[PDB]
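Engineer: Experimental structure and sequence below, a few questions after.
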Amino acid sequence: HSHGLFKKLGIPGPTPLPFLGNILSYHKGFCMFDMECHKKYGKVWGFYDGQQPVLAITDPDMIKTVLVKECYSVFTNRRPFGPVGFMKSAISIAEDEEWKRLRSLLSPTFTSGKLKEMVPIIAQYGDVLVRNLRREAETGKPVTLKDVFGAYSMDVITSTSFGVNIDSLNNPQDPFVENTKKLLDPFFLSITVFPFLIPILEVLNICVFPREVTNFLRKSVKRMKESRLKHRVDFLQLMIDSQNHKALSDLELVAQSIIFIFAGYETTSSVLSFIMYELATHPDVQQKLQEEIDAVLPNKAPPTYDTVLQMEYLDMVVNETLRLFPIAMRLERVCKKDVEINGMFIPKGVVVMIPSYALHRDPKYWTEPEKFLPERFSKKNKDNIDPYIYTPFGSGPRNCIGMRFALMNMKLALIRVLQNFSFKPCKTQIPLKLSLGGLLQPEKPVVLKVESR
Ligand code: HEM
Ligand SMILES: O=C(Nc1ccccc1Cl)N(Cc1cccc(O)c1)c1cc(C(F)(F)F)ccc1-n1ccnc1
């Protein structure tokens, strides 16, 4: 019944099976499936995640319209995650008026002025990461980068969302480290075929996030609120002060902190691991970046908000890695009203999809794409890229609100790790075969050789 929609609108696409749509095509992963359909079915195609109609667009003008131009009016919210409970008030999960209220109440928290005042504090746990990196350099055996980066990513997240200056890997007993370190898949794939099961799961009070960690963060936020009763450089602080549009709730503040927590842990650790692999398989970029790191700031010169943005090559290295590996893999907006965007009728309720992975590896906009060529973002070539094709943090008023923070957190960590060690390929795997699941992480871990100086 729903499969004739994209046939009525005259939109090509793989013929879907009843009750399932095109979920069987997800056997090669979201990324492989999106690239294949872009070559065959053209610039715009449509498929079905069960009964949910999905429209893929690649035209940059349509993309701008969906993300920027007609954002508040037609394309505002994302597709329902699933059995989310009290986390429905999360800024990434809120819809329509609650999202506009939450983002305005949280936008000044990620201001360039607020990030500069937290730069010296974000380096205390970073020096602890180098201390834990020298002991691994004493061993000639390779080291998995996801655990070391996650240890740093948890320390910075805890020390920036709250005041817990910790050594996550070296102190594996604090409740803050324990809850975060504990936390496609058979569950998420079933929700796509059965969106009718989403409201039934919430009636069963079974949410996709372990409830044991939610109550632990609820009591932690309660005791931290009692600890406030001169912390002026803290995510929560900035949320409690603005609390005392409408007002921000207490449990609402608990939900957003969990967003800030996870968005800076596996997300940051994943990108940090993708960067170092490409630096290990391309040591000329590693050497030049190490040479450029010592140029703007000599050996044993601490980074600063003004100095990080000066190293031009470090920004080129993070951009190309995000291109080759956009951990989002997709951007989604729900067409909540009948709209004709760029000569195309989009009915209501249709999920409009933007394949970041496919456009990041499209030969039309990138020459030799599968090749890590960080020179694509040089001062003379960074103007040729279309900002609506390379969207690692998305775009529009619902882009990544922590883009500046995540870029600073990773760049501040990269400057200190590269000015003390070098990374050589150990036994790793050049093919770097991506995982076939719903995350843009490698199932095979990232283990390379770390050499000192
Ligand atoms: C390298 C790291 C990161 C990448 C690549 C990234 C990328 C993205 C992307 C692609 C989106 C979707 C935007 C869209 O729908 O168009 C997003 C949303 C979001 N990100 Fe990030 N992100 C990163 C780190 C972070 C961090 C560290 C935080 C906060 C601590 C954060 C907070 C958010 C929030 C709150 C949203 C939802 C925006 C809203 O719905 O208003 N992100 N991010
Ligand atoms: O917000 C988000 N948008 C988004 C981006 C791309 C596709 C779909 C979506 Cl919905 N994601 C999704 C996300 C992003 C990266 C790694 C992940 O594993 C998951 C998010 C969700 C949570 C939650 F649901 F677990 F609470 C926590 C943090 C983030 N997140 C990460 C970076 N920026 C935001």
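Structural biologist: Ah, there it is. Numbers count the residues shown, from 1 in each chain. Ligands and ions are numbered 1, 2, ... in the order given.
Engineer: Which positions in the chain make contact with ligand 1?
Structural biologist: 91-92, 99, 103, 259-260, 263-264, 267-268, 271, 327-328, 331, 392-394, 398-402, 405-406 (CB under 6 Å from any ligand atom). Any C-beta I mention is one placed from the backbone N, CA and C, and that applies to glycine too.
Engineer: thought residue 25 was touching residue 47?
Structural biologist: Yes. If you go by CB atoms under 8 Å, residue 25 and residue 47 touch, sitting 7.5 Å apart.
Engineer: Need the residues touching each of these two.
Structural biologist: residue 14 (CB atoms under 8 Å, 6 or more residues apart in numbering).
Engineer: So for these two, which residue has more residues nearby?
Structural biologist: Higher neighbour count among residue 25 and residue 47: residue 47, with 25 against 19, using other CB atoms under 10 Å.
Engineer: Give me the nearest residue to that one, chain neighbours excluded.
Structural biologist: Nearest residue to residue 47, sequence neighbours excluded (CB to CB, 6 or more residues apart in numbering): residue 22, at 4.2 Å.
Engineer: How many residues are close by that neighbour?
Structural biologist: Residues lying near residue 22 (other CB under 10 Å) number 20.
Engineer: and it, what is it in contact with?
Structural biologist: Contact analysis of residue 22 by CB under 8 Å, 6+ apart lists 13-14, 16, 33, 47-49.
Engineer: out of the residues of the chain next to ligand 1, which are buried?
Structural biologist: 91-92, 99, 259-260, 263-264, 267-268, 271, 327-328, 331, 392-394, 398, 400-402, 405-406 (16 or more other CB atoms under 10 Å).
Engineer: Can you list which of these are found in strands?
Structural biologist: Among these, the members found in strands (DSSP state E) are residue 331.
Engineer: quick one, phi/psi of the nearest residue to residue 427 once chain neighbours are set aside?
Structural biologist: Of all residues not flanking residue 427 in the chain, residue 142 sits nearest, at 7.0 Å (CB to CB, 6+ apart). Phi and psi for residue 142, reported as degrees, to the nearest 10, are phi -70, psi 160.
Engineer: In this structure residue 142 contacts residue 446, no?
Structural biologist: No. Here residue 142 lies out of contact with residue 446, judged by CB under 8 Å, at a distance of 9.5 Å.
Engineer: residue contacts, the residue of the stretch 51-200 of the chain found nearest ligand 2?
Structural biologist: Going by CB to the nearest ligand atom, ligand 2 is nearest to residue 92 of the stretch 51-200 of the chain, at 3.3 Å. For residue 92, the contacting residues are 78, 259, 263, by CB under 8 Å, 6+ apart.
Engineer: same question, residue 320
Structural biologist: By CB under 8 Å, 6+ apart, residue 320 lies in contact with 278, 372-374, 376-377.
Engineer: Which residues of the stretch 251-400 of the chain lie near ligand 2?
Structural biologist: With CB under 6 Å from any ligand atom as the criterion, the stretch 251-400 of the chain meets ligand 2 at residues 259, 262-263, 266-267, 327-328, 330, 400.
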